[PDB]
Amino acid sequence: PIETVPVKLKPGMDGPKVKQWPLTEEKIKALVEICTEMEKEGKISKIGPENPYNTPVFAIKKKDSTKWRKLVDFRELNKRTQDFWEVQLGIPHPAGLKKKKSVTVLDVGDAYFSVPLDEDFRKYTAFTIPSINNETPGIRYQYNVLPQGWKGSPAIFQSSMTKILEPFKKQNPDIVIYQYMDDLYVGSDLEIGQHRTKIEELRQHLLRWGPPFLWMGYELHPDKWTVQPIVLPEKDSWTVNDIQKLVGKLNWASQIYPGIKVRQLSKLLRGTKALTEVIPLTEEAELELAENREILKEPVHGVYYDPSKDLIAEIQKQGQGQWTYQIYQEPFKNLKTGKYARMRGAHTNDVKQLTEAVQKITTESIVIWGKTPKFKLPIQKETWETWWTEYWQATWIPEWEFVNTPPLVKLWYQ
Amino acid sequence: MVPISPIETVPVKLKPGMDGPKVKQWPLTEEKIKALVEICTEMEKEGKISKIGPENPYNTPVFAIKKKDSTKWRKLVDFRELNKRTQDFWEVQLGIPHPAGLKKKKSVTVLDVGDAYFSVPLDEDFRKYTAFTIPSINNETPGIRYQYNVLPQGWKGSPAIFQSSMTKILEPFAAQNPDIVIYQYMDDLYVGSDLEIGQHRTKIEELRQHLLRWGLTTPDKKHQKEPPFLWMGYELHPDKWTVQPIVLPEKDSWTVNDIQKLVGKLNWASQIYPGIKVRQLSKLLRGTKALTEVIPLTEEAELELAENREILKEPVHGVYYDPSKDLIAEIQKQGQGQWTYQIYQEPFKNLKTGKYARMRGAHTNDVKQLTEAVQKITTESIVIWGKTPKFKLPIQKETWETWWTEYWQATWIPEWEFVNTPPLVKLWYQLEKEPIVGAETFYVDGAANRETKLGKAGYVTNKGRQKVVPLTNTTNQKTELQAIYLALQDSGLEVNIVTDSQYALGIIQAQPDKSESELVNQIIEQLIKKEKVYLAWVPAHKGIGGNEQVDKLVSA
Ligand SMILES: Cc1cc(/C=C/C#N)cc(C)c1Oc1nc(NC2CCN(Cc3ccc(S(C)(=O)=O)cc3)CC2)nc2ncccc12
Ligand SMILES: [Mg+2]
């Protein structure tokens, strides 16, 4: 690969100027080793003070591995980089992927380093390895080749990748392959045994046709991914409190589903009764309960994915290591809901669990729609921003905002 | 002639679209012109500038200024236009090291490199933009026209290019001499080591030898100034550091710039003087921007200031960092949203101190603030030492566990242990998760007329207890809180409270222990006195009886 591809920022937009955030000594040392070798291999070069741009960088340990990986936070440059139709007006995101019985995720980002980057764009990939306490000047570098994490890298490399995959694809016509940023998602309906071998068959291809983390596979079974419909309790004795909670939950559901009614149920709450008093249900209230339960079984109507609009992901801490979440574009039109428990490694760490939940939800989003959601995190910004990079294991990074006032709706996904 | 290596040029551009400066030269007195001619003739002999022809169309004004005892003239080229049009640079000198991160050095020597500064060449394609004109005597000849060959003092790029140039030159020497440190600050190079004085000066000699490869002559900083170094507002002594003396003026009439300087000093002092407080003094300057307005002191500011003076009576010092020892951070609550902390490696020998003040807001609690203080210190500690300190917190392990397992947000505090240093941070009330058997059930409600501001708040209970109170100058939201307040006042130690107020739920589920709303404060005070409170929410206007009953009672 010798020929570059012309790339430019969006009109009337300068390159990024994002402050490097402080790094621990161990992450700094890891990056110094990584970038020293990258520099020897030609992937990056030192830069001068005439380059004012900057993009933050840090270091992660991918899931179940020893070596540090460099991770550049290109979110700012990605949004400033021109929209891409590299050779084609766009790839259709494969709706087949979310249906395969098993999807393996490969870090193929190392392949980008074999394509040179347009010499005029290189300046905009500048980043800094900070020193501790500003004791020495930060080490400044820019990319000479397609960088991992940059939006343009899969775009530009897409020609070179379709051909590497071509012998494998025409051999296996029912294997669905999707590329998102530095990841390759490879879905097959066949069962386990064949998969690791077929994935390794795919791996060898990239080695013959061309890596530090290529050996690993992230295994997913989207065919078993579970949704969370809204459930009403089934009880033989209802206290006043139970019925009040039920009417609240049904009143919230009536914003989502037509024809929810609570009149007969509300009628049982006649008078000013102790909260713990058992109220027998009237048959007309029981009928209303049954009707609402029927309504809640069906899907929400008029729910469509709109590729022009952002996906929004809300997350609630439910306690005991359980988290609920909903993905939507318009409020009350959920495209997907879910629940997680038993976040491994973090039974006494909220923020680690939240970080893994964010990564699992983003992964689900890439698979289903081919993009990442904007998160609404139930956490104070300063807590999140201090800690999330300690637990981050993905090579992409979504966007997020913070919820400071407690939603009433946490109750109705419990 | 010993060949010298060239210092690599930094290429420089103007901001896109913009051209270079074209500013008229002002008239100058005959005396100033002669002064400038002599100054510039010398600088021209030294290679600093070169005479140009008339085709260059750019210009920057030059001035001649006198000093008091030095009866010399000095030249000033005003590059403000050129700087407005010069590209942005990476400014490597943004971050200043904090003294508490520094390591003790047996020996440090200072080297003047201001003379090496003029060996840094200016990008040849940029020089045209630095042209200036000495007006001629009686304007009867063409003005003498010059441009820079070296980084002009006062030009936007000179600090960054000079510092980048030195760093690149120094890099191999530093890398191959890991037992020394080198730090550049303006025109001086500081070289520190733990070598004995003899082996230290040979490293210095070796460094001079290295610099001469680029032709850089560098003698000792003349008039070696005995320690401490006075640098960026600090005193760097050999074994300790501190802020430069902090003296708080005695005043009768305190204006708004008197207290900005006073909180600035106190903020600066608080990095080493423990327990500094600035809430009451800071509060006195909310909205004013006329820097001459005199503000009366609240007696709480006089108390706070007088407390600060006691802390400032004696000088205190911090120790330098030893990476072989642990790093520990200790926090105390001071009251009124104020927090103070010490960071040390061995007890009673602080590396530094500091403080944290609560964010602006209507409702808050001590645990959240302590959590914010911890994140602030964590991040500052990453900056200074590259690691998180172990914390000693005035909160029991069980309080924290109860807080974070029940709190609606994700939260986290790094490795820490309880220190028994009152006042302790505690949870002041804990709402029930289930309705209380045998506790009276209060159905509360309130409502106000948006026009008249007249309202009603009250409750009805399962025992037939009832109350409605008429209120003036209120709102829906305030009547909703007032109704909850009445139920707390009029119930026993355990009570179930039913409200339809999403606003009141939003506040109470946030678990405040203090508020700017006095009514919310009264509610917190009631909650502290209870044994059990279960707060239940229901939607309004849904025929939920009890709720429906008191809704009608309050809607007038
Ligand atoms: C070398 C240096 C000088 C200054 C000066 C500014 C002015 N103006 C500032 C900094 C940041 C700096 O850079 C670094 N400094 C340090 N440690 C400091 C700790 C305080 N001492 C004070 C002292 C000791 C000895 C003597 S003496 C021989 O007895 O006269 C006199 C004074 C100097 C060395 N560690 C470092 N580590 C790694 C990288 C850089 C480091
Ligand atoms: Mg009402």
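Just so you know, the sequences run in chain order B and A. Quick note on numbering: the first sequence equals residues 4 to 213, 225 to 428 in the deposited numbering. To convert, note that position 299 of the second sequence is 297 in the deposited numbering; the numbers rise steadily by one, no gaps. We put the CB at the ideal spot given by N, CA and C, even for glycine.
In this structure, the straight-line span from the alpha carbon of B/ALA355 to that of B/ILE329 is close to 13 Å.
Per DSSP, the unbroken alpha helix (DSSP H) holding B/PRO157 starts and ends at 155 to 174. Only buried fits B/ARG72, as 16 or more other CB atoms lie within 10 angstroms of its CB. Here the alpha carbon of A/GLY99 sits roughly 58 Å from the alpha carbon of B/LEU260. Annotation for A/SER156: the continuous alpha helix (DSSP H) segment containing it runs 156 to 174. DSSP assignment within the stretch 52 to 108 of chain B yields the following whole alpha helix (DSSP H) runs of 4 residues or more, N-terminal first: 78 to 83. For the set A/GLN197, A/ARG211 and A/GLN85, the Cα lying nearest the Cα of A/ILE159 is the one of A/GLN85.
Spanning the alpha carbons of A/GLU302 and A/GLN278 requires a straight line of approximately 7 Å. Residue B/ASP186 holds the alpha-carbon nearest to the alpha-carbon of B/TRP229 among B/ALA158, B/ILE274 and B/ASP186. About 5 Å separates the beta carbon of A/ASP121 from that of A/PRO9, a gap short enough to meet the 8 Å contact definition. The beta carbon of A/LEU205 sits no closer than 8 Å to any heavy atom of ligand 1. For A/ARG143, the enclosing beta strand (DSSP E) starts and ends at 142 to 146.
According to DSSP, B/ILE293 shares a beta bridge with B/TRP252. Secondary structure note for B/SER191: its beta strand (DSSP E) is the uninterrupted segment 186 to 191. A contact is defined here as three or more CB-CB pairs under 8 Å, and the stretch 8 to 22 of chain B fails this definition with respect to the stretch 370 to 377 of chain A. Taking 8 Å as the upper bound for CB-CB distance, A/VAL442 and A/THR497 are in contact here, some 5 Å apart.
Below the 9 Å Cβ cutoff, chain B contributes no neighbours of A/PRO387, its closest Cβ being approximately 12 Å away. Within chain B, the C-beta atoms nearer than 7 Å to that of A/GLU370 come from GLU396, in chain order. Listed by position along chain A, the residues whose Cβ is nearer than 7 Å to that of B/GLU28 are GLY384 and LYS385. Secondary structure remark: continuous beta strand (DSSP E) runs of at least 3 residues inside the stretch 85 to 125 of chain A, in chain order: 105 to 110. In the structure shown, B/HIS315 adopts coil according to DSSP, grouped into three states. In terms of side-chain proximity, the C-beta atom of B/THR139 is found nearer than 8 Å to a non-hydrogen atom of ligand 1. Between the C-alpha atoms of B/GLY333 and A/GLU413 there is a straight-line separation of about 21 Å. The beta carbon of B/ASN348 sits no closer than 9 Å to any beta carbon of chain A. Secondary-structure assignment with DSSP links B/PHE416 through a beta bridge to B/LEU391. In this structure, B/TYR115 places its C-beta atom within 9 Å of the C-beta atom of B/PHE160. Around the beta carbon of B/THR338, 16 or more other beta carbons lie within 10 angstroms, which makes this residue buried. Under DSSP, A/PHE346 takes part in no beta bridge, so it has no partner.
For A/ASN137 and A/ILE31, the gap between their C-alpha atoms comes out near 11 Å.
The C-alpha of A/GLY462 lies about 23 Å from the C-alpha of B/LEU279. Of all residues in the stretch 92 to 115 of chain A, those with a C-beta nearer than 7 Å to a C-beta of chain B are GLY93, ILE94, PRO95, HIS96 and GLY99, reading in chain order. A distance of 9 Å or more separates the beta carbons of A/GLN367 and A/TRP410. In summary, the residues of the stretch 341 to 373 of chain B whose CB is separated from some CB of chain A by less than 7 Å are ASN363, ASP364, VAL365 and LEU368, in the order they occur in the chain. The secondary-structure analysis by DSSP pairs A/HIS361 across a beta bridge with A/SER513. The criterion of a C-beta distance shorter than 9 Å is not satisfied by B/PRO392 and B/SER163. Secondary structure at B/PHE116: helix, using DSSP grouped into helix, strand and coil.
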